[PDB]
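First the structure, in the form of structure tokens, and then the observations on it.
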Amino acid sequence: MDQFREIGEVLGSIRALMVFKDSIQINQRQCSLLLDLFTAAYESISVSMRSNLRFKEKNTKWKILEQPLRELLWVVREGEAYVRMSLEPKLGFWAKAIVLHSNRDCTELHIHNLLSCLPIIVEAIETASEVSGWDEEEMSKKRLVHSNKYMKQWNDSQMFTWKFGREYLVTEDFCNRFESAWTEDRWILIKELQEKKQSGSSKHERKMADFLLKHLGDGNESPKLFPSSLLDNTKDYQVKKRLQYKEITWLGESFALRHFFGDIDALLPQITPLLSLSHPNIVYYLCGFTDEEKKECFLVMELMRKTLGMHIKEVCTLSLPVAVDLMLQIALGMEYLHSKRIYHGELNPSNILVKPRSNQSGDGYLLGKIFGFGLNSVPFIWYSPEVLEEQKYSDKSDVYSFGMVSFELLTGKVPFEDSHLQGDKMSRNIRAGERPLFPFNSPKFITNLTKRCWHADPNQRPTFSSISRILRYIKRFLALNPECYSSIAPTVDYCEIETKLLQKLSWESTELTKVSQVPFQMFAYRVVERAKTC
Amino acid sequence: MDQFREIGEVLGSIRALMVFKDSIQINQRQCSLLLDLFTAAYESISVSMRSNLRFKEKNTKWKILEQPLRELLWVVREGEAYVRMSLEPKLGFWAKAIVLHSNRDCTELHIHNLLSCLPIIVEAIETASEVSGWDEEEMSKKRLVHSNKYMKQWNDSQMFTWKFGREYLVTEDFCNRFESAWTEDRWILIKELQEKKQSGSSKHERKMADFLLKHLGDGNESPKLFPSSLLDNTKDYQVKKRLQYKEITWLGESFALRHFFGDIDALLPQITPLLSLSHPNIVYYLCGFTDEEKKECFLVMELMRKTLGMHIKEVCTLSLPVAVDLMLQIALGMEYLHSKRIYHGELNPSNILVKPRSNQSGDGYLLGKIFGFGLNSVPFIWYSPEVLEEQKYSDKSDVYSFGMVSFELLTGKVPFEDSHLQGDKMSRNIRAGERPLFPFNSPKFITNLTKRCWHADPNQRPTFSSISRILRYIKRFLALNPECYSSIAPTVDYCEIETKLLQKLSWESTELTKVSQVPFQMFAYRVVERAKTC
Amino acid sequence: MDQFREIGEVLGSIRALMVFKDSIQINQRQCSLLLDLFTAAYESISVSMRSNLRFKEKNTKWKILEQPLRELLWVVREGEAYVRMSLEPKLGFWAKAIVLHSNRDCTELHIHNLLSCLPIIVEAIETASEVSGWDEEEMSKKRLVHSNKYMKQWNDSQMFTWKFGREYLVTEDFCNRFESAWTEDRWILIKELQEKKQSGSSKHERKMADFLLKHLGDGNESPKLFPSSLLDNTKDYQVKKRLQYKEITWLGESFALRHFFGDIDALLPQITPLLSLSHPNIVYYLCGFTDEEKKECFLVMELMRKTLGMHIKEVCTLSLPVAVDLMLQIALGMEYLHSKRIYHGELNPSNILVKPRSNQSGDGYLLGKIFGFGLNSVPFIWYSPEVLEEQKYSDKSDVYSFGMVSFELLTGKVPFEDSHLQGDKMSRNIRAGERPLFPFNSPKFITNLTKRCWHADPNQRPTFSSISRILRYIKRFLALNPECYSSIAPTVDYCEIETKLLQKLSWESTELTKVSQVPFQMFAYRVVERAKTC
């Protein structure tokens with residue numbers, strides 16, 4: 001309680017907002033899905049607290065539920081902000097359509113956080129139930145139930161969805177709605193645009209509707225660039241001064257504008273893949289503009305200002321949960337990029353734009369995105385060793401970079417501060433097995449990822465689809481016992497678990513993990529720990 | 001919006017609290033009724049905003065809904081406090097049973113406030129709908145609908161319950177549950193006590209169960225006093241020092257104790273009616289104790305410390321809504337007392353105990369009760385003139401007092417400050433038609449009650465069942481236009497309306513008004529105003 | 001009761017069927033809409049019986065509710081048959097997709113019948129409430145309420161949707177779902193076909209998916225004809241012997257095949273409009289086939305065998321409700337055809353294919369469709385007089401025919417049986433004002449349509465959008481008092497009402513009436529009767 005009730009009230013606030021459902025023009029289906037999932041998670045949590053916990057012992061034996069319920073509170077509070085963003089009338093219909101036509105914020109931010117936060121709450125409730133009561137027979141029986149839940153024979157996605165599907169909101173109906181709730185509003189938007197295509201008020205809107213219809217999968221002709229006159233024509237199109245990126249504000253909502261000169265027709269086949277991307281942790285290109293297939297191209301982005309590099313030096317460090325959330329978001333971005341066969345050439349702290357959360361959720365929490373991956377064509381620290389000894393954008397050459405930034409987030413210091421005495425001798429040193437050293441205070445479980453991404457052998461570095469699912473499980477552990485971040489470390493090394501599960505479950509078959517698989521993965525990790533209690 | 005969403009979230013908080021419904025031992029039925037009414041009111045308000053209002057004009061044309069929705073927010077926030085009071089484990093079962101066995105706080109405080117606040121919201125929504133939109137034809141049509149709603153032929157309780165029952169939460173099911181939800185938990189408490197009567201742990205609890213079973217309608221033998229040994233026997237019974245009222249804390253919850261010496265057997269038939277009372281605005285006697293039908297009697301009360309008299313002099317004034325709420329609560333208390341043929345001998349500011357609200361609801365709002373009415377047996381301002389010229393506890397002799405205190409609440413000054421020069425000549429002056437004069441700033445509508453309660457003729461003073469229903473309608477008007485309290489006054493005199501409706505509807509037949517009749521009365525008042533627009 | 005409970009149980013049966021919702025491949029949205037409307041109608045009817053009627057008088061004073069509730073029972077029983085048709089696995093996915101890709105049976109048959117049957121039930125409940133009870137004051141008050149409901153100032157679609165929207169299931173949400181529940185499953189079908197376009201098992205299915213994708217609004221290129229090889233290629237394509245119409249069974253479901261020889265490329269622009277039609281009372285063309293734009297064209301239809309002409313002579317007559325339902329269905333078909341600027345050249349009893357209902361609903365009830373309207377290019381009774389004196393497919397020249405068939409349905413005899421003595425003198429007689437005479441037993445209200453469609457002046461014949469809304473109101477009257485069909489006739493002539501409402505409400509502006517307008521029209525008719533009680 002006192003966190004559970006806050007979740008209930010935030011959910012009620014979302015329901016009150018969603019009363020005016022039809023006022024949402026673009027996210028009606030996604031907002032409805034968010035409501036239908038938050039309500040289901042709340043129902044399951046309430047039922048499991050009724051069945052398991054005793055209210056008489058509210059103030060003493062529920063201390064373990066405080067932080068998982070806080071994290072679920074934060075997830076629901078971010079869902080509420082998403083609904084208010086999708087429902088507010090501050091921005092016009094066109095400014096909203098340019099931004100939210102290919103959002104995917106729902107299933108990748110909010111649904112993903114919810115489905116990675118429910119296992120923590122469920123497991124915490126079980127652990128609180130075992131110590132609940134005064135009868136040792138009850139405690140032993142509950143321990144037996146929970147030990148038979150996490151036994152090894154329940155290691156299969158279909159086994160888990162059968163036995164434990166309803167508990168973790170992975171059911172056939174929910175799994176179907178995770179995907180068919182973004183195509184549904186896409187179709188509705190196409191219909192609403194076709195109506196404005198011929199019944200619009202102005203000729204400029206006549207062209208805007210054609211622009212967006214061709215921009216959204218008309219004839220499956222997705223990769224294309226439209227005349228830049230649309231930017232100029234709009235009643236208001238003031239291009240603000242840059243501080244290659246400029247602050248266009250062409251629908252009244254400020255956007256970042258990247259414009260470059262080159263033979264765009266020749267550079268077309270490599271920007272064609274780039275315009276298709278859409279991920280919450282990616283600063284992707286909303287629309288593309290060329291004048292008349294001529295000199296210049298206009299690429300419009302979402303506007304973010306502060307980077308992680310100049311944010312850390314602003315506040316100086318970051319707490320462990322904040323660093324872990326940043327790492328998880330960055331890893332989720334990179335696994336999406338790698339799933340689409342394009343690799344950030346160099347990943348640096350500077351190349352990570354961050355923006356703080358609602359600030360109603362937590363203190364110091366912030367969500368960050370990655371940019372600059374596209375158009376590789378047109379110091380020596382974040383480079384991988386073999387690339388550093390080059391006298392090429394590999395999938396493993398930036399996993400090293402991600403681990404390098406991971407060290408930076410944890411210790412809060414730019415790496416190789418101590419080696420500053422050496423001048424350019426670092427380049428030869430990195431070839432040798434020398435890596436920056438952690439402070440001893442840093443917890444063992446987290447820093448093992450940095451040691452494993454630092455590994456000299458390119459093959460042994462874990463993929464991003466494995467780093468992400470390690471990180472969200474470390475977030476689970478960091479949620480159960482807050483005292484760890486504020487020897488509290490677990491027993492098993494999580495990387496060892498990943499190595500075991502990759503061969504056992506064949507998780508390497510899929511480059512990217514769909515959201516409906518998140519609770520099963522966090523469940524499989526717990527099974528391997530339980531089998532390794534010894 | 002922004003008040004509606006807050007109501008939604010407070011309602012969600014109440015639902016989260018009520019998840020642990022079975023942990024409530026005494027108010028499960030009443031808490032369920034509160035939830036089922038708040039949910040229904042919220043559903044009707046949401047439906048009426050969907051049908052009537054346009055979300056595009058949220059920020060400009062919804063200014064009139066701010067204050068009625070604030071008042072409903074306050075009512076729901078008080079319902080939430082009631083639920084947390086009835087559900088918290090801070091107090092033991094016995095300490096809870098002594099206080100809440102005859103509460104009636106639900107239907108008299110919370111349900112009454114809800115049913116007097118819904119008409120304000122509904123009427124405000126209609127007025128906001130008329131000005132909504134940009135089409136004058138829509139405005140004219142909505143004006144026609146609302147003018148045909150408030151036309152004269154819909155003046156009957158049954159007519160109104162037919163046409164407008166569902167809108168104002170007065171339906172046969174709701175009206176039945178207003179009464180059969182306090183008998184239901186009374187029966188459950190009797191059953192739970194009979195179980196502890198024979199299966200209790202201790203002999204002291206054996207006697208406690210017998211005490212409460214005989215105290216609660218066993219054989220319809222309601223008026224009786226039990227041996228005082230029960231106070232002494234309890235593991236802890238420290239009687240605190242008085243500051244005839246003492247602070248007994250005999251179940252760990254502090255109570256006010258009134259104890260007096262006399263031939264209690266002779267005084268029994270007049271205290272017998274007194275022990276039956278129960279009202280939220282009455283400091284009533286929970287239990288009665290005599291040693292062995294001997295010298296002393298022990299009367300236990302609910303503990304309140306600060307009175308209205310020494311509260312007003314603390315903060316010095318009170319705003320108009322605060323004064324009106326105090327007046328409404330006092331009038332509701334007195335109409336209950338008068339309905340039970342017992343009259344406060346003298347009603348003074350001092351004899352009104354006040355306690356501030358949750359303070360989450362509003363600033364300066366406070367709920368007050370009246371005490372000292374019982375046991376009349378064993379300066380000259382608040383007395384009525386004819387009583388003042390006595391050289392006797394009539395129902396009209398304290399209506400004068402209530403109006404006198406009403407003047408005190410409004411002007412914030414003790415009356416006859418100016419006449420302080422005269423010494424005891426006031427007594428003859430009151431016989432003459434001289435009454436304290438208001439400041440001109442005071443609004444006309446409110447002060448007409450004080451002029452009408454001041455009236456020299458005892459007959460012409462309105463009854464309390466009429467003063468209450470005048471006051472709640474003035475609260476409605478004061479809710480629609482906040483600028484009135486912070487010529488804004490209405491056209492018709494409300495007292496004139498009361499005189500019209502008493503003969504037209506025969507409201508004088510009933511001394512006390514049941515809560516299911518509140519929206520109809522506020523509806524009948526509005527009909528009479530509309531007929532008198534001229 | 002005893003009809004209401006049967007409706008409840010049939011609705012429960014539909015819910016049980018719809019449990020396996022995902023097994024429906026094509027009508028999931030339409031079946032969900034049917035369930036969501038039947039449930040809402042049932043909820044409103046139950047609430048209105050709770051509020052209005054007394055259960056103590058179940059067996060005596062509820063005789064008037066028997067037949068309207070029977071008709072609603074029949075509507076729900078047809079909805080259940082629709083669900084079982086859309087959900088059964090008897091037919092394959094392709095055989096289902098050919099038939100149900102452009103069904104529109106939901107909103108035109110089932111939703112239309114439901115929305116034309118609710119006003120009858122509501123009005124019957126009001127009339128049963130007035131006579132309910134033993135207190136004459138209650139009766140007078142209820143009469144006042146119902147007389148103020150049907151007063152003249154509530155004559156506007158928006159006025160009615162405001163005051164009485166929720167009662168008759170015409171709300172903004174319901175009105176939106178009447179249309180956006182057939183585009184929703186169309187989009188889903190397109191997506192499911194695109195998946196089979198590239199991931200199908202066989203090459204034949206590869207071509208089938210392309211066929212249906214191009215057939216369903218791909219690029220807004222709707223009017224086209226596909227190579228006939230698709231008929232031949234399918235594993236099974238036996239063409240059965242004709243009994244120009246042949247019984248193709250090319251997906252295992254028997255279809256009627258119309259094939260003709262001509263310069264199809266030259267006849268293309270007039271068959272192009274024809275392929276777009278879809279109505280429950282129209283035998284429309286599902287798909288079009290030409291070999292290689294060569295000699296022959298293959299037109300596939302839905303298979304029906306028995307016509308109205310050889311059905312009436314089979315059973316010999318038809319009861320009045322059966323005849324009225326046939327007339328209403330035929331009028332609904334013709335108003336759709338006339339809305340699309342194409343007119344049946346000649347409308348005859350033979351050119352009306354009929355098929356009996358579920359037979360669980362009623363005895364002798366049957367739904368009929370009209371065919372043969374298309375491809376006009378390539379005795380003298382049903383022709384209109386001016387056409388009969390031609391020595392041309394006008395919208396009024398077949399309204400005469402519909403009235404002629406209307407006479408045939410009522411009297412059950414082929415017209416001009418008596419004039420059989422005259423040989424070809426009928427042709428001159430029809431030019432003179434001579435029309436077949438009715439039996440005197442036939443009710444006045446029904447036969448006035450036949451007299452008005454018979455009218456010599458072509459202009460004065462009512463349009464089909466007016467004949468339909470006359471007919472459904474006569475169905476309402478015929479539902480209230482069964483004894484009429486088994487002087488019971490009303491007072492006002494319904495045609496007079498139509499003439500009044502056309503100028504008052506400007507109903508002639510719209511050629512076709514959308515289903516969301518049906519209850520308002522039946523409400524406006526009742527208002528005009530009530531104003532004409534005198």
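By convention in this document, the chains of the structure tokens carry letters A, B, ... by their order, each chain's residues are numbered from 1, and ligands are numbered from 1 in the order they are shown.
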Please identify every residue of chain A that has at least one atom no farther than 12 Å from an atom of chain C, counting only C-alpha atoms, and for each give the shortest atom pair and the distance in Å to one decimal, arranged by chain then increasing number, as a Markdown table.
```
| residue | atom | partner | partner_atom | distance |
| --- | --- | --- | --- | --- |
| A:20 | CA | C:173 | CA | 11.6 |
| A:21 | CA | C:173 | CA | 10.4 |
| A:22 | CA | C:173 | CA | 8.9 |
| A:172 | CA | C:22 | CA | 9.8 |
| A:173 | CA | C:22 | CA | 8.9 |
| A:176 | CA | C:22 | CA | 10.3 |
| A:180 | CA | C:188 | CA | 9.3 |
| A:181 | CA | C:188 | CA | 11.6 |
| A:183 | CA | C:188 | CA | 9.4 |
| A:184 | CA | C:184 | CA | 7.9 |
| A:185 | CA | C:184 | CA | 10.3 |
| A:186 | CA | C:187 | CA | 10.7 |
| A:187 | CA | C:187 | CA | 7.4 |
| A:188 | CA | C:184 | CA | 8.7 |
| A:190 | CA | C:187 | CA | 11.1 |
| A:191 | CA | C:183 | CA | 9.5 |
| A:192 | CA | C:180 | CA | 11.7 |
| A:194 | CA | C:220 | CA | 11.0 |
| A:213 | CA | C:219 | CA | 11.9 |
| A:214 | CA | C:219 | CA | 11.9 |
| A:217 | CA | C:219 | CA | 11.7 |
| A:218 | CA | C:219 | CA | 8.3 |
| A:219 | CA | C:219 | CA | 7.4 |
| A:220 | CA | C:219 | CA | 11.0 |
```
How would you write, as a count of residues only, the set of residues in segment 245-366 of chain B that DSSP gives as helix (DSSP H, G or I)? 36
Within 8 Å of residue 356 of chain C, counting only C-alpha atoms, which residues qualify if same-chain residues fewer than 6 places away don't, as JSON, numbers by chain? {"C": [364, 365, 366, 367]}
With N, CA, C and O atoms retained, write the just-selected residues as a PDB file, in the first residue's frame.
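The result, stored in part_22.pdb:
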```pdb
ATOM      1  N   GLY C 364     -43.640 -18.325 -42.074  1.00  0.00           N
ATOM      2  CA  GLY C 364     -43.966 -17.667 -43.315  1.00  0.00           C
ATOM      3  C   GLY C 364     -43.166 -16.420 -43.608  1.00  0.00           C
ATOM      4  O   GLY C 364     -43.303 -15.863 -44.702  1.00  0.00           O
ATOM      5  N   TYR C 365     -42.336 -15.964 -42.674  1.00  0.00           N
ATOM      6  CA  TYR C 365     -41.464 -14.825 -42.917  1.00  0.00           C
ATOM      7  C   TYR C 365     -40.361 -15.234 -43.871  1.00  0.00           C
ATOM      8  O   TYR C 365     -39.879 -16.369 -43.832  1.00  0.00           O
ATOM      9  N   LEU C 366     -39.961 -14.304 -44.728  1.00  0.00           N
ATOM     10  CA  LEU C 366     -38.977 -14.618 -45.747  1.00  0.00           C
ATOM     11  C   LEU C 366     -38.358 -13.328 -46.250  1.00  0.00           C
ATOM     12  O   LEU C 366     -39.036 -12.304 -46.346  1.00  0.00           O
ATOM     13  N   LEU C 367     -37.068 -13.383 -46.553  1.00  0.00           N
ATOM     14  CA  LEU C 367     -36.338 -12.235 -47.060  1.00  0.00           C
ATOM     15  C   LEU C 367     -36.074 -12.422 -48.545  1.00  0.00           C
ATOM     16  O   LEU C 367     -35.683 -13.504 -48.986  1.00  0.00           O
TER      17      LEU C 367
END
```
Could you pull the residues within 12 Å of segment 138-145 of chain B, counting only C-alpha atoms, minus those fewer than 3 positions along the same chain, as JSON, numbers by chain? {"B": [51, 52, 53, 125, 126, 127, 128, 129, 130, 131, 132, 133, 134, 135, 148, 149, 150, 151], "C": [149, 153, 154, 155, 156, 157, 158, 159, 160, 161, 162, 163, 164]}
Hey, can you check how far atom CA of residue 381 of chain C sits from atom CA of residue 433 of chain C?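 If I compute the distance from atom CA of residue 381 of chain C to atom CA of residue 433 of chain C, I get 14.1 Å.
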Tell me which protein, DNA and RNA residues are within 8 Å of segment 472-480 of chain A, counting only C-alpha atoms, leaving out same-chain ones fewer than 3 positions away, and put them as a PDB file with N, CA and C atoms, in the first residue's frame.
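Wrote part_13.pdb, looks like this:
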```pdb
ATOM      1  N   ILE A  64       9.371  -4.842   1.115  1.00  0.00           N
ATOM      2  CA  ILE A  64       9.986  -5.279  -0.130  1.00  0.00           C
ATOM      3  C   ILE A  64       9.195  -4.844  -1.359  1.00  0.00           C
ATOM      4  N   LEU A  65       7.900  -4.574  -1.217  1.00  0.00           N
ATOM      5  CA  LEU A  65       7.084  -4.167  -2.353  1.00  0.00           C
ATOM      6  C   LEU A  65       7.207  -2.693  -2.692  1.00  0.00           C
ATOM      7  N   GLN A  67       9.716  -0.651  -3.767  1.00  0.00           N
ATOM      8  CA  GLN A  67      10.419  -0.205  -4.965  1.00  0.00           C
ATOM      9  C   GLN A  67       9.870  -0.785  -6.263  1.00  0.00           C
ATOM     10  N   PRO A  68       9.516  -2.069  -6.364  1.00  0.00           N
ATOM     11  CA  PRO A  68       8.863  -2.522  -7.600  1.00  0.00           C
ATOM     12  C   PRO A  68       7.578  -1.775  -7.899  1.00  0.00           C
ATOM     13  N   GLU A  71       8.445   1.554  -9.298  1.00  0.00           N
ATOM     14  CA  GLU A  71       8.811   1.501 -10.708  1.00  0.00           C
ATOM     15  C   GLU A  71       7.590   1.348 -11.600  1.00  0.00           C
ATOM     16  N   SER A 116       8.443  -5.369 -18.566  1.00  0.00           N
ATOM     17  CA  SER A 116       9.671  -5.681 -17.845  1.00  0.00           C
ATOM     18  C   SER A 116       9.538  -5.345 -16.368  1.00  0.00           C
ATOM     19  N   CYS A 117       8.473  -4.636 -15.990  1.00  0.00           N
ATOM     20  CA  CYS A 117       8.308  -4.269 -14.588  1.00  0.00           C
ATOM     21  C   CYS A 117       7.347  -5.206 -13.869  1.00  0.00           C
ATOM     22  N   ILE A 120       9.107  -8.149 -11.915  1.00  0.00           N
ATOM     23  CA  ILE A 120       9.693  -7.707 -10.656  1.00  0.00           C
ATOM     24  C   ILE A 120       8.635  -7.659  -9.569  1.00  0.00           C
ATOM     25  N   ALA A 124       8.458 -10.047  -6.290  1.00  0.00           N
ATOM     26  CA  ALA A 124       8.489  -9.402  -4.984  1.00  0.00           C
ATOM     27  C   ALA A 124       7.281  -9.791  -4.149  1.00  0.00           C
ATOM     28  N   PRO A 321      20.410   3.098 -10.594  1.00  0.00           N
ATOM     29  CA  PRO A 321      19.213   2.895 -11.422  1.00  0.00           C
ATOM     30  C   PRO A 321      19.148   3.828 -12.617  1.00  0.00           C
ATOM     31  N   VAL A 324      21.562   2.464 -15.178  1.00  0.00           N
ATOM     32  CA  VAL A 324      21.060   1.230 -15.766  1.00  0.00           C
ATOM     33  C   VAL A 324      19.936   1.518 -16.749  1.00  0.00           C
ATOM     34  N   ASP A 325      19.051   2.464 -16.425  1.00  0.00           N
ATOM     35  CA  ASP A 325      18.008   2.815 -17.383  1.00  0.00           C
ATOM     36  C   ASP A 325      18.580   3.433 -18.648  1.00  0.00           C
ATOM     37  N   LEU A 328      20.012   0.550 -20.640  1.00  0.00           N
ATOM     38  CA  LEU A 328      18.965  -0.249 -21.255  1.00  0.00           C
ATOM     39  C   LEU A 328      18.368   0.447 -22.466  1.00  0.00           C
ATOM     40  N   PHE A 445      28.049  -7.118 -10.411  1.00  0.00           N
ATOM     41  CA  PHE A 445      27.169  -7.625 -11.454  1.00  0.00           C
ATOM     42  C   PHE A 445      27.135  -6.696 -12.661  1.00  0.00           C
ATOM     43  N   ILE A 446      27.055  -5.398 -12.390  1.00  0.00           N
ATOM     44  CA  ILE A 446      26.972  -4.411 -13.460  1.00  0.00           C
ATOM     45  C   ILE A 446      28.266  -4.363 -14.256  1.00  0.00           C
ATOM     46  N   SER A 468      20.904  -6.278 -23.773  1.00  0.00           N
ATOM     47  CA  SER A 468      19.650  -5.706 -23.297  1.00  0.00           C
ATOM     48  C   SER A 468      18.985  -6.616 -22.277  1.00  0.00           C
ATOM     49  N   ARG A 469      18.880  -7.907 -22.584  1.00  0.00           N
ATOM     50  CA  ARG A 469      18.195  -8.808 -21.669  1.00  0.00           C
ATOM     51  C   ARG A 469      19.023  -9.143 -20.441  1.00  0.00           C
ATOM     52  N   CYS A 484      21.181  -1.921  -2.242  1.00  0.00           N
ATOM     53  CA  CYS A 484      22.354  -2.229  -3.050  1.00  0.00           C
ATOM     54  C   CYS A 484      22.967  -0.974  -3.653  1.00  0.00           C
ATOM     55  N   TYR A 485      22.133  -0.068  -4.171  1.00  0.00           N
ATOM     56  CA  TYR A 485      22.674   1.091  -4.873  1.00  0.00           C
ATOM     57  C   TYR A 485      22.812   2.297  -3.954  1.00  0.00           C
ATOM     58  N   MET A 522      12.893 -12.763 -18.804  1.00  0.00           N
ATOM     59  CA  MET A 522      13.176 -12.511 -17.397  1.00  0.00           C
ATOM     60  C   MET A 522      12.798 -13.701 -16.531  1.00  0.00           C
ATOM     61  N   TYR A 525      15.736 -16.380 -16.965  1.00  0.00           N
ATOM     62  CA  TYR A 525      16.891 -16.030 -16.149  1.00  0.00           C
ATOM     63  C   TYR A 525      16.699 -16.479 -14.709  1.00  0.00           C
TER      64      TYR A 525
END
```
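Among the candidates B:24, B:361, B:286, B:94, the residue lying nearest to residue 69 of chain B is B:361 (atoms considered: only C-alpha atoms).
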